[PDB]
Amino acid sequence: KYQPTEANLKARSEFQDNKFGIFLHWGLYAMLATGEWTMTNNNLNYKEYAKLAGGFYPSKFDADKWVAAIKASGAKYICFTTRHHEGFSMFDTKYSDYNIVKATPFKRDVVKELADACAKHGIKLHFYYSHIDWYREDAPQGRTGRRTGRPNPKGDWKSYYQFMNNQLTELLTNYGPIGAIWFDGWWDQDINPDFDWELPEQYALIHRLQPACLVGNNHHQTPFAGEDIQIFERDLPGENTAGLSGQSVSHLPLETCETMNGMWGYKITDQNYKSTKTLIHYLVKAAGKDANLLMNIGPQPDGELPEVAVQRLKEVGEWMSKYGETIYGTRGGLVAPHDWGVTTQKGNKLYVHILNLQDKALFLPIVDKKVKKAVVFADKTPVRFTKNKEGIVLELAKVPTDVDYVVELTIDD
Ligand SMILES: C[C@@H]1O[C@H](O)[C@@H](O)[C@H](O)[C@@H]1O
Numbered sequence: 001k002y003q004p005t006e007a008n009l010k011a012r013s014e015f016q017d018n019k020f021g022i023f024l025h026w027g028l029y030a031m032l033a034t035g036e037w038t039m040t041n042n043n044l045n046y047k048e049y050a051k052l053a054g055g056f057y058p059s060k061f062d063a064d065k066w067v068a069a070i071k072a073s074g075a076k077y078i079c080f081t082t083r084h085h086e087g088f089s090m091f092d093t094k095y096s097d098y099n100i101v102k103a104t105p106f107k108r109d110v111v112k113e114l115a116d117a118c119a120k121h122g123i124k125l126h127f128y129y130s131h132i133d134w135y136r137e138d139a140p141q142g143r144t145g146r147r148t149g150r151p152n153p154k155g156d157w158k159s160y161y162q163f164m165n166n167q168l169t170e171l172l173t174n175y176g177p178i179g180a181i182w183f184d185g186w187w188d189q190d191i192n193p194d195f196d197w198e199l200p201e202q203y204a205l206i207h208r209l210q211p212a213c214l215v216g217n218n219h220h221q222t223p224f225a226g227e228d229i230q231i232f233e234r235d236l237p238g239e240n241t242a243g244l245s246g247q248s249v250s251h252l253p254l255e256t257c258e259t260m261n262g263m264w265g266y267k268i269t270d271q272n273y274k275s276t277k278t279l280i281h282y283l284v285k286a287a288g289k290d291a292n293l294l295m296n297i298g299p300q301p302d303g304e305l306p307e308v309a310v311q312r313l314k315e316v317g318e319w320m321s322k323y324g325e326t327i328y329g330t331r332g333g334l335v336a337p338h339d340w341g342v343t344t345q346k347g348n349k350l351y352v353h354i355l356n357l358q359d360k361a362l363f364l365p366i367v368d369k370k371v372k373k374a375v376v377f378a379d380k381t382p383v384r385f386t387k388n389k390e391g392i393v394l395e396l397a398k399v400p401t402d403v404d405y406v407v408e409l410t411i412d413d
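Residues 1 to 413 in this note's numbering are what the sequence shown spells out, letter by letter.
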C-alpha cells in the first residue's frame, strides 16, 4: 500500500512548520462577481458562459504585487486555483483551448507569473485542481452542473480522466517545484457510492513526478491511502459548526481553510471582511489544534487583490513580526484548546495564548510535566505561578485585553 518517501515526510514536517498560507480563488467568475458557484447556481449555458473569456482582461494584475502583499502577512505559501468547477484553466495548457492564454485577450499564463514571483519571494506554491467540471462534455455529472445544457450527462470518464492526468503532468513539469496538489470535487459523486475516482493511479503520478509534493483531497472523509495532508473546510479538526466536517482526525498534517469575507471567489456585494483580531484568532486557534490555516482572498476581475484584504494582511503581518516565534515551527500544545485560548509548543517551550480571559489568573492542568519557568513572551517579565493538585495557576499582572496575551513556559524534558 502507501509508502511515503523520506522526501515526502520531510515536506510534511516543513508544511506543519509553516502554519499559515493564503487561498486565491480566481477565474472567469470574477467577471460575474457573484461567486465561483454561479454557473451551477444560475443554470448558465456552458457555451454562453464560455463567451465571457473574450472579455477577460485583468489589466492591473501584478504577480509581484500579490506575492509581496501576501508575504507581508507572514504567510509562507499560496494555494491558487489553477482550474475550478467552471472548467477554465488559468494556465497555458495544450489539452484545452479554454484557458487564459488562448481564449482571452489577456494572453498571459497567470500561473507562470505567480510561480516566478513565489520563487522570487521564497513563498511555496500549491495548486488547487477541480475533480469536477461543468464545461467539458466528457465530464460526468454528479449532483452539480446538471443544467448547463451539456449533451451527455454520463460523460466519457476515460477521456476526462486522461485529460486531468495530462493537465496535472503539465502543472507538475512546467512550473518548477510545487508544494502541494489540492484536489476538490469528490463530494460531487457521493450520491454514487460506487464511483471509481481512480485515485491510487493519480496520486502515484503526482508522487512520481515530484515525490515531495503533498497530496490533499477536500473529500470531508477519513483520508485515502496516498494522501499526505487532511483538509478541514471552514472548521477546525473535530469541530463541525459550518456543517462540512464530521470526519475523524487522522495522523496526517491537518489544514483548515476559511474565507476572509464570506465567499471564495470575488463577490461585489460582499465587503464584510473579518477584523484583524478575528483573523489572528483563526490562525492561533488553528495552531493550537495542531493545524495550518489557509485564509482566502478572491481577486477582482481587474487583477487587483481587494484593498481591504491587503490591509488586513498587512496588519496580521504586523502582529506576526512580534509573535511569529509562538506559531512558526510549533505543534499543537500539550494543553487542549479552552475557552480562554490555546497552547502551542516547540522544543522545551509551551506557549499559552490567552485570547479570552476575564480574570487576573489562569489555571493550567499541567500535572506530570514540571514548569521550570514562566514569563510574558512580549517583554520577558515574570509570571508568578503556584502548583496544586490538578496543575498550576498563573497570577497575571492585569486582566488581558490583548489580541493574544502570550505567556511562555519552559518545561523540563
Ligand atoms: C475550497 C472550497 O471548498 C468547496 O468544496 C468548493 O466547492 C468551494 O467552491 C471552495 O473551493
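For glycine and all other residues, C-beta sits at the position ideal for the given N, C-alpha and C.
CB-CB length for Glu-14 against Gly-265, believed under 8 Å: Within the sequence shown, residue 14 is the residue found at index 14, counting from 1. Within the sequence shown, residue 265 is the residue found at index 265, counting from 1. Contact between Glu-14 and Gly-265 is absent: CB atoms are separated by about 29 Å, not below the 8 Å threshold.
Secondary structure, alpha helix (DSSP H): runs of 4+ residues fully inside the stretch 24-104: With a minimum length of 4 residues, the continuous alpha helix (DSSP H) runs that stay inside the stretch 24-104 are 29-32, 38-41, 46-50, 63-71, 100-103.
Touching by the beta-carbon criterion (3+ pairs, under 8 Å), the stretch 60-78 and the stretch 312-327: yes
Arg-143 classed as buried or exposed, judged by whether at least 16 other C-beta atoms fall within 10 angstroms: As a first step, residue 143 must be located in the sequence shown, where it is residue number 143. A residue is called buried once 16 or more other Cβ atoms fall within 10 Å of its Cβ, and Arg-143, having fewer, is exposed.
Would you mind giving the Cβ-Cβ distance between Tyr-203 and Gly-179, rounded to the nearest angstrom? I have them listed as a contact below 8 Å. Numbered from 1 along the sequence shown, position 203 holds the residue referred to as residue 203. Numbered from 1 along the sequence shown, position 179 holds the residue referred to as residue 179. Rounded, the Cβ-Cβ distance is 16 Å, inconsistent with contact.
Closest residue to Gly-303 among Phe-106, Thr-401, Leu-171 (Cα-Cα distance): Taking the sequence shown and counting its residues from 1, the one referred to as residue 303 is at position 303. Among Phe-106, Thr-401, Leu-171, the Cα nearest to that of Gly-303 is on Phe-106.
Could you pull the start and end residues of the beta strand (DSSP E) that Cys-257 belongs to? Residue 257 sits at position 257 when you count from the first residue of the sequence shown. 254-259 is the span of the beta strand (DSSP E), which, as asked, contains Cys-257.
Buried or exposed for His-84, please, with buried defined as at least 16 other CB atoms from any protein chain shown within 10 angstroms of its CB. For the purposes of this step, residue 84 is taken as the residue at position 84 of the sequence shown. So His-84 counts as buried.
Which residues DSSP lists as bridging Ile-231, in chain order: As a working mapping, residue 231 is identified with position 231 in the sequence shown. Answer is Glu-255, bridged to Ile-231.
Do the stretch 175-194 and the stretch 208-224 meet, that is, are 3 or more Cβ pairs less than 8 Å apart? yes
Cβ pair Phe-363, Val-406 closer than 9 Å: Against the sequence shown, residue 363 aligns to sequence position 363. Against the sequence shown, residue 406 aligns to sequence position 406. No. Outside cutoff.
For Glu-170, collect the residues of the same chain with a Cβ closer than 8 Å to its Cβ; drop the 5 residues on either side in sequence, then sort them by chain order. Taking the sequence shown and counting its residues from 1, the one referred to as residue 170 is at position 170. The residues are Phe-91, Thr-93, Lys-94, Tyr-95.
Indicate the three-state DSSP secondary structure (helix, strand or coil) for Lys-372 in the structure shown. Taking the first residue of the sequence shown as position 1, residue 372 is located at position 372. The answer is strand: DSSP assigns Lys-372 an E or B state.
Using the Cβ count rule (16 or more neighbours within 10 Å means buried), how would you classify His-251? Here the question's residue 251 lines up with position 251 in the sequence shown. Counting Cβ neighbours within 10 Å, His-251 comes out exposed, since fewer than 16 surround it.
Do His-126 and ligand 1 come close, with the Cβ less than 8 Å from some heavy atom? On the sequence shown, residue 126 is found 126 positions in, with the first residue counted as 1. It does not: the Cβ of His-126 is nowhere closer than 8 Å to a heavy atom of ligand 1.
Measure how close the beta-carbons of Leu-172 and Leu-209 come, nearest whole angstrom, since I'm counting them as under 8 Å. To locate residue 172, count along the sequence shown from 1; it is residue 172. To locate residue 209, count along the sequence shown from 1; it is residue 209. Right, their Cβ atoms sit about 4 Å apart.
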